[PDB]
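All remarks here apply to the structure that follows.
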Ligand SMILES: CC(C)CCC[C@@H](C)[C@H]1CC[C@H]2[C@@H]3CC=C4C[C@@H](O)CC[C@]4(C)[C@H]3CC[C@]12C
Ligand SMILES: CC(C)CCC[C@@H](C)[C@H]1CC[C@H]2[C@@H]3CC=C4C[C@@H](O)CC[C@]4(C)[C@H]3CC[C@]12C
Ligand SMILES: CC(C)CCC[C@@H](C)[C@H]1CC[C@H]2[C@@H]3CC=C4C[C@@H](O)CC[C@]4(C)[C@H]3CC[C@]12C
Ligand SMILES: Nc1nc(NCCc2ccc(O)cc2)nc2nc(-c3ccco3)nn12
Ligand code: NA
């Protein structure tokens, strides 16, 4: 007695197939958008496409494999291992793509003038190819001998009636838990996720430091202007102009734009030469000209630089959400494996919970297209064009 297994199995399979359809459709849309729209064709989005391709493969291959292995069918043990482990190749490829995106955005905010000479489409393609090769080697490592094929469950294999060399193909019977916990979870998943967390933290800190510096230079200009306006001594004017000048050079370091800071620094130097030669009123008078240069050029370039940095912060937040949802969808299965491995006195997690955790991991292959659509205008607008035109 006990409910016929096919009833629970029918629910599981139906849900897996629903997820597969949505993973394929949404991620084909991502790839189509990058293909269509040259504004989306940049290095960051080559990693986005590599990630979308891994999620298409979850729907086309990993989900049919998961349905197959849920039956415990008789198979040659190394064929069984390939079906069991292929999803780990795809999840490792996703991890590498996510890590590359984070580093890409970190380079872009740290050394933006060197970014385009360092990070090229050709180098990115080589990186993607290497990461896919490494992904196959890591995810299929059990097929090199780190497996339980030498210790078959002969009770299961006779009750199912399997032949010679065949095992009942069940994940936990063939894939060792020490591989899943120490090698896959700790070294290959958790360590990269923590590195990604640290990279994103460094991105937000760099942005916050650059914004504060911008602001410091701005009020250094304005404060020292007031000093000159309230001064009554040549060297109180000269000293303020001197500090205004370094602030201006630092702002310029950090063509029409050049004309702005040239008028500004030229005007400072004019007022300085008057200051040195004792003419305080001529110096103060020359220094009030700076205000129209400030209003006409310097404020406009402060504003553009602030909004560029605010755009990069908003973009990095969007990409970090992707990483967060990856962790939220995969950590339950890893944590369950930790209980199975480290607590032999604990009852095994129940079968319904195992399959809920499996389904949750697969749902990760559905969500990224929705993030892009809600958070990234250029994707959203291109999705809209594709749907309205080629679908409506
Ligand atoms: C989509 C196309 C391009 C490639 C798909 C190939 C897949 C379906 C092939 C490649 C290797 C194959 C496996 C190789 C060995 C075995 C062991 C046997 O006892 C049962 C079948 C099984 C488990 C095969 C199932 C089908 C399989 C997984
Ligand atoms: C990352 C977020 C979503 C947290 C998810 C935590 C989940 C995976 C945790 C919270 C409570 C945990 C359960 C607590 C108690 C037991 C009983 C034990 O005999 C087997 C493990 C099992 C069944 C745990 C499995 C993992 C578990 C379900
Ligand atoms: C969230 C990320 C950053 C860290 C993940 C922490 C994981 C590794 C932690 C959280 C809860 C922990 C489990 C809590 C309780 C037990 C029961 C004990 O008898 C064996 C260890 C075991 C099973 C722990 C293993 C490690 C564990 C799963
Ligand atoms: N532990 C585990 N089991 C399964 N499937 C088998 C579930 C099960 C567990 C016990 C049992 O007697 C019958 C079925 N798939 C699994 N996939 C993973 C996985 C992928 C990434 C991290 O863990 N872990 N994992
Ligand atoms: Na993925």
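FYI, residue positions are counted from 1 along the chain as it appears here.
Using N, Cα and C of the backbone, Cβ positions are placed for all residues, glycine too.
Site annotation (Swiss-Prot): adenosine is bound by 337, 361, 362, and the candidate from 164, 172, 215 recorded at this site is 172. Per Swiss-Prot, the topological domain holding residue 45 carries the same name as the one holding residue 119, which places both on one side of the membrane. According to Swiss-Prot, of the candidate residues 42, 157, the site noted as N-linked glycosylation site is 157. Counting only the Cα atoms, the space from residue 172 (adenosine binding site) to residue 149 (disulfide bond) is about 11 angstrom. In the three-state DSSP scheme, residue 169 (disulfide bond) is classed as coil. Cα to Cα, residue 337 (adenosine binding site) and residue 80 (disulfide bond) are separated by 20 Å.
Cα to Cα, residue 149 (disulfide bond) and residue 346 (disulfide bond) are separated by 25 Å.
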